[PDB]
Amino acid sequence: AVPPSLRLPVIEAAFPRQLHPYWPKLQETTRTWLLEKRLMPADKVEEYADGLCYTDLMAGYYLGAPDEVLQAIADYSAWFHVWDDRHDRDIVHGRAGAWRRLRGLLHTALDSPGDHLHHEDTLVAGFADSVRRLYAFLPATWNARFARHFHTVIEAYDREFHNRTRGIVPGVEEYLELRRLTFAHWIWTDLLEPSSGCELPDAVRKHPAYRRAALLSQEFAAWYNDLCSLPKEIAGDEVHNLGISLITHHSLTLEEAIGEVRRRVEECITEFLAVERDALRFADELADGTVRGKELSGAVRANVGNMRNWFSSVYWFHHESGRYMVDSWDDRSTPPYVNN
């Protein structure tokens, strides 16, 4: 089971895990994609890819997604972790120019992914393949919203690059704002929509209950990552972690900061339970007797159900994934699955 310091009894009792039926094929298809797109060396794909559990993380989240939608999401999620690793290595090795050029290419490819499917930088070509596929499911209005959100994510990664190269730890509130962008809260929230087959109108997805449920699902996922990834992040000189901000700016000991992060995570769960009632009541209200109302109600219900599924998927991912097993590495500062 889960060690006491990381255990969340409410998740275990009230957020039962779910798994999408396409998971076995999803796992192998993403492994093949990482190999074919040269996002990881063949030996590292064979030794670590399945053990990283990226497809499991998505298959526990976007329940009900069409298989091809889930495949594009899973490829994107694996890509997103490889990009996190590249960013980290560029920082560690002082590759400011390589990072700046990658950042510019990602902004361009995000707006024009088809143009970049055969780019010489394999990380850019793999990004472009996953994004072009994500852009084929819903109207171009959704694509434009995904792009606006991801442009903001890329710039948050750039701010992290500057923080780490200058040895700056953000303040707590600065960190919490930044973390909604580096974790890509609004991208995961956008991806609920192709998974349930419907672009939600602005009036629906901006309803306060939908917005707050979406926010709390992501805050839990990001801050539980902070709690569980703290050991590897301290070992890797990462500065972006709520516990690190608390130690640096509020004078907490390691133990005190861990307890504070845990309490904030636990409160996300019970705040989510309150707002979920309101979001499901809104879903009921959307079912106004019309065909479109039934469609919107069902989509909102499926999306809020997946906001709930994110809690359990993220919880178990952190205990299953090889990504965080720092105690097993020869060099605690260099995870074996990254290209160093």
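Heads up: residue numbers just count along the shown sequence, starting at 1.
Stretches 97-105 and 179-187 differ in mean CA B factor, with 97-105 having the higher one.
Look at the mean CA B-factor for 322-330 and for 20-28 in the entry; the higher one is 322-330. Set against one another, the Cα B-factors of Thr55, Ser313, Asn303, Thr290 in the record reach their highest point at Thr290.
You'll see in the entry that, of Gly243, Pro113, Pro201, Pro194, the Cα B factor peaks at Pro201. Compared with the other modelled residues of the chain, the Cα B-factor recorded for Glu256 ranks in the highest third. Ranked against the other modelled residues of its chain, the C-alpha B-factor of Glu285 as given in the entry falls in the highest third. In the deposited entry, the Cα temperature factor of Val153 sits in the bottom third of values across the chain's modelled residues. The entry lists a Cα temperature factor for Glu219 that places it in the lowest third of the chain's modelled residues. Per the PDB record, residue ranking by Cα B-factor puts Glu271 in the lowest third of the chain.
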